[PDB]
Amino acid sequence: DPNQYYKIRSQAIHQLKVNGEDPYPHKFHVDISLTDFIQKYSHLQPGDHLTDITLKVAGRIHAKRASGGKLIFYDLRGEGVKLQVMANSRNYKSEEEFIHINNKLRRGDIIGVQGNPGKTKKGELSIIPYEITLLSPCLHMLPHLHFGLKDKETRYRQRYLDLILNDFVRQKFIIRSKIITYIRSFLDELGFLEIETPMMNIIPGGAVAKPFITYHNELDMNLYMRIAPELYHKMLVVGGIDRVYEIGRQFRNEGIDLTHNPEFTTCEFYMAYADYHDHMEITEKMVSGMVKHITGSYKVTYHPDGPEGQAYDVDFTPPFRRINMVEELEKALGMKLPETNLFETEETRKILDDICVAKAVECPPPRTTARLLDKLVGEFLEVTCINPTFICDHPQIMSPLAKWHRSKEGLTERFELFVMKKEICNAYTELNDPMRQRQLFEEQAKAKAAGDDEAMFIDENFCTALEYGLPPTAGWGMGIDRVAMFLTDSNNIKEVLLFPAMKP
């Protein structure tokens, strides 16, 4: 049936073209939006019909229900709003044209309506047409009215169908766009300069991740899509721009799940003369201010198991709870780990390997200390973070760009913010010692030769830039898509991306 509808209607539209009835006209002058139309005329009473007033509106027909031969009702929708078109024969331009236009219209068509405001006897605000014009015909059958567009696959591969039929979808992407606008306002007020840095790199850096590779024909050159803008931003602080930020796309050649898309949006900012303690206060102020400004409360209802699951109230009232990674993991495991100045030994790596096997937490090769630690932290600590929680003082061996902790040997001045069991922020006091930064780069290169696809390349250009003097600096990064996730009560990142990445 849907296949035959498409052929029949495609035939009808083609006949209109050759009949000189252009079904795709160039311009239709809209006098008033549907939203402004309702707020301007909702006050009317049943039976009213303002003959004095004539406006032109436009939208998509969601339903067409005829009653007699001289009267048809059209469900006109647009802007997330609805308006009824009460097409009467005696009010139309002519009786012959009234029969002609109604024979041509179908559900799904884009039409323009010129007429008078009115209200039906049943109490529906309506537009009484003098002339209806077909603007763009719909050649397909749209999902039936009883049950419409629930399958996840079609909603994500035809997002325009999702937006036409489900008005909860358009509200999520308004929220997501309100989140980003809030960030810019927050940082612009603080004197940060919004900058743009290359997304194609001779050598990628700024995170531990597998990159996408590409090739430039003219330069006969292999390039990588950026995994993070971190290194370029620190070069800007060397250049004397003490506060920079950038909201931009990152690309990571990794697997898709409920919180990972191969391309995603982050905000990174860098502030001269601040440390990671300063960024804990800024993070609290920004996240809490943003949740309250978007939702309307400092509390967010969160459904980990879908609508028919448990509901958890997440409180974003500062200050957020802080836990030290290694110290709290000793508590969660119920055993003492080697002291932090021993984390580079092989005896320590096999201790953490044994713990992973004993507690069944699982780790694909290479089974590095840093990777085993990350798996243990995810299993025992990150799952307990429902409320916004800072996990602090990461070991140096998992933080190649973070400055060493000023009191705790083996650790760094780093924190991550976790909300509703997922990582939201990553920030630390920046390592500005160029000699120590080279040593950590050369260790990353050995890890890569030892199997880690995510280990960092040696970036000698960046090390040279640090030799010109980077002031004491603290940086910060946040996954915007994950923020939109917990602010729209979405457990699937595909819900907050307009066109998520999909298998063919």
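The first residue of the sequence shown is number 1, and the count goes up from there.
*Which wins on mean Cα temperature factor, 230-238 or 130-138?*
Between 130-138 and 230-238, it is 130-138 that shows the higher mean C-alpha B-factor.
*asked:* Highest mean C-alpha temperature factor of the two stretches 147-155 and 293-301, which is it?
replied: The entry gives the higher C-alpha B-factor average to 147-155.
*Whose CA atom has the top B-factor in the entry, of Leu163, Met199, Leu193, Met335?*
Within the set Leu163, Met199, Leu193, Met335, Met335 shows the top C-alpha B-factor.
*Member of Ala402, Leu71, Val208, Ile110 with the greatest C-alpha B factor (per the PDB record)*: When the deposited C-alpha B-factors of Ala402, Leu71, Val208, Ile110 are compared, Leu71 is largest.
_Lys40 - which third its CA temperature factor falls in, relative to the rest of the chain_ = According to the entry, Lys40 has a C-alpha B-factor in the chain's highest third.
_Where the record places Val18 (Cα B-factor, split into thirds across the chain)_ = Highest third, going by the recorded CA B-factors of the chain.
*When the modelled residues of the chain are sorted by Cα temperature factor, does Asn103 land in the lowest, middle or highest third?*
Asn103: CA B-factor falls in the highest third of its chain.
*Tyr92 - Cα temperature factor, lowest/middle/highest third of chain*: Highest third of the chain for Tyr92's C-alpha B-factor.
*asked:* Looking at the temperature factor on the CA atom of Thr120, which third of the chain's modelled residues does it land in?
replied: Top third by C-alpha B-factor.
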